[PDB]
Amino acid sequence: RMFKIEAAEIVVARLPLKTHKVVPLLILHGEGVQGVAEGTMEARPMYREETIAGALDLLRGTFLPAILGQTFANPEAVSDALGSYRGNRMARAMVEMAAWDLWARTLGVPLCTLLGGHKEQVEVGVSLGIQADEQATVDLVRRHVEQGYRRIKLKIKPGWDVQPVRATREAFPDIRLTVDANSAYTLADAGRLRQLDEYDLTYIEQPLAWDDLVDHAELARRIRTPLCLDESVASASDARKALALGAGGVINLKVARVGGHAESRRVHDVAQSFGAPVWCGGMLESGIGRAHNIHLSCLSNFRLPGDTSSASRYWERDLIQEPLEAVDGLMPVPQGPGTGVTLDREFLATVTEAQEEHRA
Amino acid sequence: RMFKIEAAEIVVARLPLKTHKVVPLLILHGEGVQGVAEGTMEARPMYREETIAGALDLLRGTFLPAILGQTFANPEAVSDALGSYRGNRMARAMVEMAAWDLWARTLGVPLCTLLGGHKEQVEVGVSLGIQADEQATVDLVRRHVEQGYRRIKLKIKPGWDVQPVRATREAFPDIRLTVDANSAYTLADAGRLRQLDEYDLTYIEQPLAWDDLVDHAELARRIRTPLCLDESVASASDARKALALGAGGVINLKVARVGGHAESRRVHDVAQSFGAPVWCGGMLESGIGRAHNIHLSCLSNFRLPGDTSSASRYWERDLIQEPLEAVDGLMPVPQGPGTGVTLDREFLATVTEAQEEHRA
Amino acid sequence: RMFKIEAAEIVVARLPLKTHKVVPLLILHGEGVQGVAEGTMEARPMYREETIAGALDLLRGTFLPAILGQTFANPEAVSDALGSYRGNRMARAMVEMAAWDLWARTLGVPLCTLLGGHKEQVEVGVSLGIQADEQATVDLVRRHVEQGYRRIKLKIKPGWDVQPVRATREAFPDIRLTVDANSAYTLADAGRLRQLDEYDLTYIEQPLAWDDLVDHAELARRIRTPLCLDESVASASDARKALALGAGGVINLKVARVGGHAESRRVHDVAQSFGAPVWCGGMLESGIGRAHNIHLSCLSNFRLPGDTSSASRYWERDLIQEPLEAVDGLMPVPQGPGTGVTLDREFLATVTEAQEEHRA
Amino acid sequence: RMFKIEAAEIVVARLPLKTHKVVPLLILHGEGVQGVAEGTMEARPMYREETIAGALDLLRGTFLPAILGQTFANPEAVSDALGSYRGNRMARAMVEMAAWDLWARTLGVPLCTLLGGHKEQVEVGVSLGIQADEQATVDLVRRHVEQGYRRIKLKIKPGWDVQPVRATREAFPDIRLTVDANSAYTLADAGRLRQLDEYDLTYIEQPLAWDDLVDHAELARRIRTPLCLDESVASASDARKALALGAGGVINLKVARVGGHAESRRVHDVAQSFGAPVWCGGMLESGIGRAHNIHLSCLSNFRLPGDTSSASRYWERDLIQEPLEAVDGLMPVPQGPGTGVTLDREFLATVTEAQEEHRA
């Protein structure tokens, strides 16, 4: 039956990178279990428009007051209760995704199962930076290919795009290879980007403006490599407009970017209805965010490998007790109810920089 | 955790109307509970292409042997186990919808809750057949408006379309009025159908061929009244195609026609991503199908009234213990786990034409 | 003059493959001659949506009662008498095509002649499976090329498509070569499929969903190889919409898939009106179905070789008395009235698993 | 079996109207029967481009030597034997339609039966010339409505179009009303022609240039009244092009204009695949041409009334023994093999201007 949200903690961790990454956590308490989610907004608006200060104020001043002491049938009812505030989808996601974890746990059921997924493991790839040169690139890719990662994603810019790709492609003609064009291009770069077509990349990710669809649709007409959208799809309706416009053929689905799991399933199903795959993006998450990602990636239209690589790549120590490690490019689903992962409270305390509790 | 399907019954009933209607039921047994669904295919292929003989042969010879004795995480995993076969969506829906009911009952959770709904009541419309004249049409509309229905549907046909709509709108300037054109028209009829535009109908349902989207798209360019698709939307990709082509702006969503609740929710979500409403169609269901319809209708993009009106309107006595009776145009969600309704087995046995049981 | 259908037999044969293939036969009796047709639906819905159980029930319960004891001018009048039932085109075809055979026989005229054809032989090719590897492929193709088959059709999938084709094409740069992409692809595969363009395949057959036209039209814009449609054209109007959309440039015309000979001529003439050829598909038919195919293939827009290869390739013994063998990729038209072939009744009796007779 | 064409007569008659009309006839002899067809080209190129001198030279110098002494399976094989020559469709139709008549008579089967028709009567419309004023127009329409015609066609011209249509529709709110715009308009006339829209005409026939589709397509975008094509549809591919371009939604089908019955049935079937009706146009034919028209009009997509009204309206005395007289808007199919009508040779001889006979 229904669940009452009795309390909420906001806990902000500073996790040293194997300097540091800020991990905002929401813990929701109810019915003798807890749901935990991780914010993917940054202290500064560099990847997208939200910030930690903005989001946390929104949580404590608006979203939490709306739900505390209230009883709900499902996470959809929680989302409905937040109201018609505009944007701020990652802030919303913290509440929505914590509610999914909590709801799943009241039932004793794995999160993926309630979302409609039935995989026991998900395929994963890796994303690498710009290397010094053609050889360095080929060597560092080789390192990850020898780990069995199922897709290699290279950062590119002008004019370091064709070189890395041509090099990597000759060394490895059979690997699945893609680029993150990092919005470093404008329509004026179409001809250069077209030079990548010979190398059979699965896609070129977000080459133009982070908020654009119209120019991407134009660029897609000029080159043969499929475009993948990331930043410009923050909702199921964005996904619809992008795919109808022909702005891309692939979507990088980031769960919090679109406002949480239910909206993510809708994005996933819209892409599928257009015959376009999705794959799971990464935001350098702690094991909380990483576990939410893995559960969502169990859905059938996650047909390309996600950026969901081994936790030990990122952290000398994670915030959860369970390891999240891929082998041979396959990441298993963490077992247990909800996310199947558990905060390591003692370790978390050592890296906490802010903490607060809220009740009705 | 997971559920094992131990056994299945197919019960074919011949249920007396308020002549008789053949009602095929599938009961799935496992984990100490049962899931029940109702087939919407007829003896002859009149509404669509499937028949009772084809469907039941497909169940007992193919679908049931594929699932009996098997253990599943969720209804999506059940459907997956049948994925190789083409078409036959209503046969498929019998298994898939029974699986939803069973699964929900293993958790003790209402079906609407697991599909993402949080409504306690759903809005209902009424459907009027062709009457003798204008005033007989108006008198019948007057009755149903007074009973509180939230939408009026008029059957129309060539030679009888503008007249009943004109007479109705003149008597009722502000009601929600729709028509069912029952694939009775051609493109030559565009000028006649345009004559409906001044009467501000919410939609005209499937005026052209039952399996067409392309000609509907053309008709929608020639008249201003919205088109609503029925038979030609049998999947989420069909929904995407119809909306993207501009074949209509509204979908009559029938859960069994599209293959069950999971795909129905995908259709619902695709439509929503286009900003287009769905509503719940009816197939003269016994209490089993009617209760599945009510649970599905709880989803948020069911924003026009559905054909889930009172069971007493159809049946002397229904196959379930619970009355499903709308009051003032509102149908309550039957309370309880899964569909929240319960077969009356003794009454059922009195109207059973044929029954059979299958195990692994 | 007119013909009265006095009786109908349904005879179901189990024919061992050179395990077994089920051959449903309809025999219609009238005016001292008989017409015979073969159902191409399967026991399970694997190629398309109909099944033997569904179709036979439709024949005995609906189509046969409609025609028995009735007198008709032509096969068109027989089809008209079946009524407005939806879909089930292969069930309809059994009646329609048997009526063509019967009608032709009352006149003493070859079926092809009444359909408007005037060829004495038809060009044929072959369709092969996936081979172990590039060499096996090339060798097995060589076997058929040395028999003079006029087109070689390879099964493909990802990622075994470019390899077979490149191999076969180098060994044989001049042969007519095509692939059956077997609906094993989605729009996400456009780039790979494009790699086939260099090898000058005549067409790629039904790469996307069996029931789709819209995505095929999109894929056609992205690759240079023509698309051929099979499953998604079940009528002359489907053919029109497909060709107007640009969903393909070639149609695989299967006579029973579209509902029989008259509809097939209409499909053939619509394709011709758009400047698109057709060719005759195959459904592993006995000599009954094979002979109907050959007669239909005499029409002038059958401009590409059909899958109508030698009977002795399939059966150690056929159900008819006459051989149907191609030499040098040319299949002669069986002489005589109607189909020009004759059931071997004694042999048929040995492989009959069901038989029934129906009268007015 | 096959037919040998042994001999041909060309008879040119000058038939007195109820002044005179020149009627060119071709008679084909073989297998103890004869086939007769009537030329629809005039002495001067006024309706279309062909003339009696051109056509008859083409017959006696080219077409007849190609077929005399040759043996054919069907009329399609006869047409094929002339395939090298360009245009001249009405000359071609003389041979092709005579071949249909001959062939049908070798089998003892009515022509309509072999073309696929099963109607015993066809619906007929009437064509009114330009009258002096509104009331003279209305009085004449009143007469023809009372005689039972199923469609009224008004000739219109610039300066006289809206007025007669307005007056007619006011007097007759519900009749099927059409106009013949006789290529008398230009695109500058779009606003005037749009003024016809409120009068719900079934179609406006060929308002712009006789050989155009493109400008008609443009006009159809500017007004809501359907356009009907006549002179610019001379083949099935012209039909496909017109319908796909949206040049019109209806085709006036004249059997001789398109090259005969086989191509006419292809035009009919193409139109049908687009969901567009055809109707049978008239060319003031003697009983020979009128009877071919009636047999063709039996096909199912002749869903609007045809100009095959009573022969007595045109001729003091017709060239055939049988009266073709419509009653209450219905023309019976003349009974008998082929066209079911028979030349009155003694009467014919009295009005014969010139005759000739050819053998191999």
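Per-chain numbering from 1; labels A, B, C and D assigned in written order.
The rule is simple: a residue touches a chain if its C-beta (ideal position, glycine included) is under 8 Å from a C-beta of that chain, and two chains touch if they have at least 3 such contacts.
Enquirer: Compare the contact pairs of C-D with those of each option in A-C, B-C or A-B, and report the one where over half match by residue number.
Expert: A-B
Enquirer: Can you compute the centre-to-centre distance for chain B and chain C, using the mean CA position of each chain? Integer Å is fine.
Expert: Taking the mean C-alpha position of each chain, the two centres sit 36 Å apart.
Enquirer: With centres defined as the mean C-alpha position, give me the chain B-chain D separation in Å.
Expert: 49
Enquirer: Distance between chain A and chain D based on Cα centroids, please, to the nearest Å.
Expert: Each chain reduced to its C-alpha mean, chain A and chain D end up 69 Å apart.
Enquirer: What are the residues of chain C that contact at least two other chains?
Expert: As it turns out, chain C has residues touching two or more other chains at 237, 244.
Enquirer: Drawing the touching chains as a network, do you get a line, a ring, a star, a complete graph or other?
Expert: Topology of touching chains reads as other, fitting no named class.
Enquirer: Which pairs of chains touch one another in this structure?
Expert: So, checking each combination of chains, I get A-B, A-C, B-C, B-D, C-D as the touching pairs.
Enquirer: Give the list of chain C residues in touch with chain D in this complex.
Expert: Going by the criterion above, the answer is residues 1, 72-74, 76-77, 80, 107-110, 113-114, 116-118, 236-237, 239-240, 244, 262, 265-266, 269-270, 272-275, 300.
Enquirer: Spell out the residues on chain B that touch chain C in their complex, using ranges where they run on.
Expert: Within the complex, chain B touches chain C at residues 43-51, 53-55, 57-58, 61-62, 84-88, 209-212, 214, 237, 241, 245.
Enquirer: Can you check the complex and tell me which residues of chain B touch chain D?
Expert: 186-188, 190-192, 194, 208-209, 215, 222
Enquirer: Using the touch rule from the top, collect the residues of chain A that touch chain C in their complex.
Expert: 200, 224-226, 249-250, 274-277, 303
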